[PDB]
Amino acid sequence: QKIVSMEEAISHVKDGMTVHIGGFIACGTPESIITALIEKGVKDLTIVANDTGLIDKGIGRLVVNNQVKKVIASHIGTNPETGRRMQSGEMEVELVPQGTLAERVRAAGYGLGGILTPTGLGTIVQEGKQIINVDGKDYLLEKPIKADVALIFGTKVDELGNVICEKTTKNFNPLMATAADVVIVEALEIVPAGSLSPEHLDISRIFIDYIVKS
């Protein structure tokens, strides 16, 4: 019921949307979903991701294809095109400290209004941030990041939507799956409903809207 075609899924990724994309340097990125969106050619996206991958791997493929208006990431060094589009003025890029990025995506999914982090103080990250003093020490108020759609990845996905992200394919995937309106998981393998233990899961079914196979 939640298992659909790739074309049915990418019908929900529409122009201008903010999109969470799981993946740490493409480790745990839904590559099949990405190539589909290369075919559809959706424009003016805001991608929220650990990094922009490579020019030939991952979120980077969207970047080089003029499909990304703005990038919210922690790292862009592995993709010299992001670097180029940033300095040229084409793409806007907010460089978010990785732990802050985790708490910011998580906050959207968990109903939090923000989190207080000491990471950033006295640096460029402080600019545009409210400083809250708690028990004498200063913190940055970092704000939730809800997105329209999350494109997440699972090495195994049962038919109800429960997801397993093995080894280091977890990253932001289990966080991103809570913090968007429409979550699409790209499954490596579709196990049967209940095949996976209630103790071994990374993402509950109640977070997944559509499952696609790679």
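Note that residue numbering begins at 1 and tracks the sequence as displayed.
Stretches 178-186 and 141-149 differ in mean C-alpha B factor, with the higher average recorded for 178-186. Comparing 16-24 with 190-198, the higher mean C-alpha B-factor in the PDB entry belongs to 190-198.
Sort the modelled residues of the chain by CA B factor and residue 130 lands in the lowest third. Annotation for residue 92: C-alpha temperature factor in the middle third relative to the rest of the modelled chain, per the entry. In the deposited entry, the Cα temperature factor of residue 63 places it in the middle third of its chain's modelled residues. Residue 35: CA B factor in the highest third of modelled residues in this chain (values from the PDB entry). Among the modelled residues of its chain, residue 50 has a C-alpha B-factor that falls in the lowest third, as given in the PDB entry.
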